[PDB]
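A short worksheet on the structure shown next.
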Amino acid sequence: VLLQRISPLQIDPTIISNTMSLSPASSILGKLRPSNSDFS
Amino acid sequence: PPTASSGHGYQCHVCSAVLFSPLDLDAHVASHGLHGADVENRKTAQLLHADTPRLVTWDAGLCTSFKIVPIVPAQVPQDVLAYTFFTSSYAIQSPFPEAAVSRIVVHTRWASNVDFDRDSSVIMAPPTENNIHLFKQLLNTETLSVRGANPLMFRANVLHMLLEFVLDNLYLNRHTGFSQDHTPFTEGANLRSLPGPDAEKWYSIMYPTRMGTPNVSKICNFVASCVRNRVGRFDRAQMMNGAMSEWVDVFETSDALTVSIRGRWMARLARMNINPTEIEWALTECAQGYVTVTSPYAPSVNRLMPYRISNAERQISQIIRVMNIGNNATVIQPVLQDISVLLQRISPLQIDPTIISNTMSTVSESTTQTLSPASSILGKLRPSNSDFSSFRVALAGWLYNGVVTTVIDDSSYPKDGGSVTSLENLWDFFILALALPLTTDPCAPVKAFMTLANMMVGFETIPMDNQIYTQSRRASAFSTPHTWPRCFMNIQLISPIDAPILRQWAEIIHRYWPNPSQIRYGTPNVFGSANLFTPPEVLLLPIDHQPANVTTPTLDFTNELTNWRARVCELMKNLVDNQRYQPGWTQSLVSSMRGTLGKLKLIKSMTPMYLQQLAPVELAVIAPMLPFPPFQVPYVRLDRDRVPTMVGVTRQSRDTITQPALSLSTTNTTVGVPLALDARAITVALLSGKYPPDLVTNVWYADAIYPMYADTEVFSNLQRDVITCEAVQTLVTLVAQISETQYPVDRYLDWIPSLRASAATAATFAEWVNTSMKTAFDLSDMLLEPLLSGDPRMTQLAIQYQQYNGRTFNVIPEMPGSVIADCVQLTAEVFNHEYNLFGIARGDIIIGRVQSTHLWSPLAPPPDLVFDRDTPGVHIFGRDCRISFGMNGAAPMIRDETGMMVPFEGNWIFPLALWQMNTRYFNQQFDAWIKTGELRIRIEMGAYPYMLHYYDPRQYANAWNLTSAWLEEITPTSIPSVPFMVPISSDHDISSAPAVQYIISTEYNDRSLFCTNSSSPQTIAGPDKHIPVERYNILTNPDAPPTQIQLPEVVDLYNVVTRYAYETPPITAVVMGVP
Amino acid sequence: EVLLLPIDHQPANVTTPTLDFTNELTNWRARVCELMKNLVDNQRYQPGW
Amino acid sequence: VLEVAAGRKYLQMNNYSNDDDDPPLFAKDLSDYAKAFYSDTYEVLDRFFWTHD
Ligand SMILES: [Zn+2]
């Protein structure tokens, strides 16, 4: 938590979705599940 | 489908009956009348139709951006001059603000009466107010103060401001009208009358040299030294009798900067201009003689219709479009859909699947027999005109094999095997063998060969490459060039002793498969060449094409697509021949199969003749009017070495690699999506085909092709392409100013501070540029967003495909110029000299007390008050600044940059960042010594916004209350404006009083000062400045020609401007077609 | 006075290109993607598609 | 620029079955193996092949 609070880095999974836009694209989208936001 | 109806509706209401359902009701009444938003949606709408921008917009007000505002009112009622001297007493209205202190400010389009505003504007209050908010818009999102700005973003904010200043001035100077001067003020001049409610107030602003000259006041001193005969209109082109002369040249108030910008804009528009003759030639050549259009033959009235563009712009637009389409299959399918729709509307062919039934009902076969080839193929084929759109989608996919690849669905294959003893599988083989040559899939021949190979396993045998892709492997899985078996490329491994029929089928595929061709659509005179890999104006085709000889077509069996069917039927005849492959069949069944095959090989169908003679003509007539131009790659017939294995586009460099030809191999993204089709439907459409009773193709196309060429909408897409290229170039040229890019850009604003931009900073700045260019031009859809999802400071465009050989073909389109980037660079080059007029000052400031009765201006201080680095007795700080408290009376000390420690007195030099990082520890230690002590500091900044405070010289004034609220508000993120105290000018002598200055400049920043005491004879106390004659060169220098401009260092505020009266009608109002 | 790290470290600056295959982790991502590409290229390992 | 379709320098019989001792025909035995573009000047021909694949 201390590193998370003093670091400049921000982690938003929306970059993956914006870059993506059996459909391998949708497959990896569903397998990464960017909507989850726990990066502990 | 086979829908039914159920229950609800019952109202016949023509004969009062009640039905079983509302659908039955609808069919019943019809019989009566007859007898008796995701981003994918955004991209799809984008492809189908974009948003045309607003290129031509007119302006009827005087073309200027710099105005003069009075800052201090004149002392008109005074006790040295009687009030009868001044012109104000007589209500004479002068061209200049009659005040004690004037000054130039910047208010874009303040005197303008536009047709369509562009929403961009650089409005500046006078310097006495606060203009800090013009420099805290883009990246200054965490400055707590309201009147505070971050100094490390002045360059980005100024770049955005200059882009706004250019976008606000993309107008055409409009011609209004004139009248003659009935007064003796001018020798009968023609004076422009601009529209508006209050127009009387403009004839004294536009024409400075009409005013009388009764006084020796400064305004009259100026006006009495100007030239007499440069006023109003002095040239015109009157080409028609009483028809509003085309253009004029007029002397009037306007500044060279916006005049040059609008001149560049008009010179860019004049290059795209096409005339009705060229338009009708292009349309006739596109329609290929089926549609005629007429233009007039008289002296014109100077239309203006910018629609012509180079080929580089169209190629770049096509690259961006493919970049959007890549790997979706729902963004591209609607294009194929509506192409098939208009093919249905235009084509004369008509698929009636009763030919198959009428030809199969005449087959002679017994009844005491458990098999029937006729019934078998009728069941396998199912002739029904429900969905023959598969045929049209296949025909439309020929225009797109770089992105779309039509492939036969695997539901058409024989369901995990299929043997030659099974009649269903035989007919399946026939259907697939006819349907495969009409797909743009490069692996169709091998899929056909291995359909037969799978279908006969255990009867014949051939050696395969490995044990995975064996002979029993599903035929639809051989879908890459790597997969083609070695025995299909070396024929002598299919030895005729063991696999005779299979070797025969292989040789038939190699020799008689259809051959490519081309048709040469379009006309690149008016339009360009959107295609990237084929030569301009060529259209590749998977089949041969030779035109027709007559317009009344009749049947013939002399074409490629019929010879293919003949060969397939001959080989199936040989296959059914032997008893080796159907040991149980009888002579009657063998003869019946022969009869069905021989009757199916010669079936009176018009579809092959159509595909040879008329289909390519229709594709070529439809292509030039498509919203998304064709994107093809070559159709390699059967060679394996040349099949394309990819096509990818790049949009940024990779490394320290400046050259796209070297950075393109490993920084591309593959593009392409396959579309499945129906072999059954394609083969039914290919077997059933007939024309109308007596069609005459010239008349048919002449009255079926008219509407799509009367609809003029492809001309409005070329303007969108222009705007796209302009936007990409402007993005490159502006990002190169704050970052370090690969292009040889010029740099003018390096003296303004700025931070160290990263990817996030560059992306944000690019977003601001994108939105600011979309606000002007009235755009709503995406533009420049395909380039923003990466690193915007290494951008580059290029496309390529690769063959199975590994030989790659690339297309690096050359970037044409952009008038908007040229004008932004011009505005920056002018800012470099005229920065004061936009509110910025250069150099740094010197904080130190100066008390004296003198009247010099702080924006132009005397020489022996500034000091710099190379001055004796100066201390430079910055690297490790440490303070040490004094003890027992000894003074405190601060650490020099060279390790020495000095007291609080003398001349110092700080970096502004060094002050900001210690804004509070330094105020408490230093402010007590600057105020009353002997300390003096030169905070070096480079660029800073300022604010002015005027005071009466004959009363005590003190600056500490202003200069303390600035020092104590300097912050590690923001600084407020720098307050200066300027004295007021006086046209008569006064008594002096002590002043106490604290802040002064180190250069000359008093450049926006226009005139001081402009109505009095003289200026006796304070900073005086007469009207700047160099600003009005062509009016005070008789030798200068009327069209001279000194651009980089003077704005010139008055010059000759040209005004147009062109007219922009629609295309169809000039080029009429003949119905 | 040493702090071991399982990766290389370089001096800091924010003005360094995103696509920089001198970086170890960026190079690793690029190499893994290249190998999976080579795996998928010829369809030698994916029958049944 | 006149365009004629070249045809069949050779001709094949029934007993010709791809033998190692049969004479090679060099693909000039079937219908369409090439097209001939005749003109009067090689400049005109070279300009023709700008808009031709
Ligand atoms: Zn009825």
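Residue numbers (PDB author numbering), protein chains in the order written: chain A, 541 to 561, 571 to 589; chain V, 172 to 207, 237 to 1275; chain G, 737 to 785; chain S, 163 to 215. Idealized CB from N, CA, C, for every residue including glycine.
- Collapsing the DSSP output to three states places residue 982 of chain V in coil.
- Secondary structure at residue 776 of chain V: helix, using DSSP grouped into helix, strand and coil.
- Three or more pairs of CB atoms, one per stretch, sit closer than 8 angstroms, so the region 247-258 of chain V contacts the region 963-980 of chain V.
- Residue 1181 of chain V is not a Cβ neighbour of residue 1165 of chain V, given a cutoff of 8 angstroms.
- The C-alpha of residue 1254 of chain V is placed about 9 angstroms away from the C-alpha of residue 406 of chain V.
- Residue 750 of chain G belongs to the set of residues whose beta carbon lies under 8 angstroms from a beta carbon in chain V.
- If one requires a minimum length of 4 residues, the alpha helix (DSSP H) runs lying completely within the region 282-368 of chain V are 354-367, in chain order.
- Residue 1065 of chain V is not a Cβ neighbour of residue 1047 of chain V, given a cutoff of 8 angstroms.
- Proximity of the beta carbon of residue 185 of chain V to ligand 1 is indicated: a heavy atom of the ligand is located closer than 7 angstroms.
- The contact set of residue 669 of chain V on chain G, defined by CB atoms closer than 8 angstroms, consists of 783 in chain order.
- Here the C-alpha atom of residue 198 of chain V lies approximately 55 angstroms from the C-alpha atom of residue 780 of chain G.
- Relative to residue 951 of chain V, the option among V/1218, V/1010 and V/354 whose CA is nearest is V/354.
- Take residue 323 of chain V, set aside five residues on each side of it, and the residues of its chain with a beta-carbon closer than 6 angstroms to its own are 307, in chain order.
- Between residue 767 of chain V and residue 712 of chain V, the gap from beta carbon to beta carbon is short of 8 angstroms.
- The alpha-carbon separation between residue 377 of chain V and residue 393 of chain V amounts to approximately 6 angstroms.
- Taking residue 1201 of chain V as the centre and dropping the five residues before and after it, the same chain places the C-beta of 1041, 1043, 1045, 1058, 1059 and 1061 closer than 7 angstroms to its C-beta, in chain order.
- A direct Cα-to-Cα measurement between residue 1248 of chain V and residue 1030 of chain V gives close to 5 angstroms.
- DSSP assignment within the region 564-613 of chain V yields the following whole beta strand (DSSP E) runs of 3 residues or more, N-terminal first: 604-608.
- Per DSSP, residue 687 of chain V lies in no beta strand (DSSP E); the unbroken alpha helix (DSSP H) holding it starts and ends at 686-689.
- For ligand 1, a non-hydrogen atom lies closer than 7 angstroms to the CB of residue 203 of chain V.
- Residue 991 of chain V counts as buried, since no fewer than 16 other beta carbons sit within 10 angstroms of its beta carbon.
- Close CB contacts of residue 577 of chain V within its chain, under the 6 angstroms cut and outside five residues either way in sequence, are with 627 (chain order).
- When secondary structure is reduced to three states using DSSP, residue 171 of chain S falls in the coil class, being assigned neither helix nor strand.
- The Cβ-Cβ distance between residue 619 of chain V and residue 655 of chain V falls below 8 angstroms.
- Exclusion of the five residues before and after residue 652 of chain V leaves 705 as the residues of its chain whose Cβ lies within less than 6 angstroms of its Cβ.
- Beta bridge pairing from DSSP links residue 1256 of chain V with V/451.
- Check the Cα spacing between residue 423 of chain V and each of V/1266, V/1237, V/1269 and V/1261: the tightest is with V/1237.
- The contact set of residue 559 of chain A on chain V, defined by CB atoms closer than 9 angstroms, consists of 989 and 990 in chain order.
- Neighbours of residue 711 of chain V in chain S, taken as residues at a C-beta separation under 7 angstroms, are given in chain order as 192.
- Under the Cβ criterion of 8 angstroms, residue 241 of chain V is not counted among the residues facing chain A.
- With 16 or more other Cβ atoms from the protein chains shown falling within 10 Å of its own Cβ, residue 480 of chain V counts as buried.
- By the rule that beta-carbons nearer than 8 angstroms mark a contact, residue 715 of chain V touches chain S.
- Of the candidates V/1152, V/302, V/438 and V/599, V/599 places its Cα closest to the Cα of residue 738 of chain V.
- Interface with chain V (8 angstroms Cβ-Cβ cutoff): residue 779 of chain G is included.
- The continuous beta strand (DSSP E) containing residue 876 of chain V extends over residues 873-877.
- Contact annotation: in the region 513-533 of chain V, residues whose CB is within less than 7 angstroms of a CB in chain A are 527.
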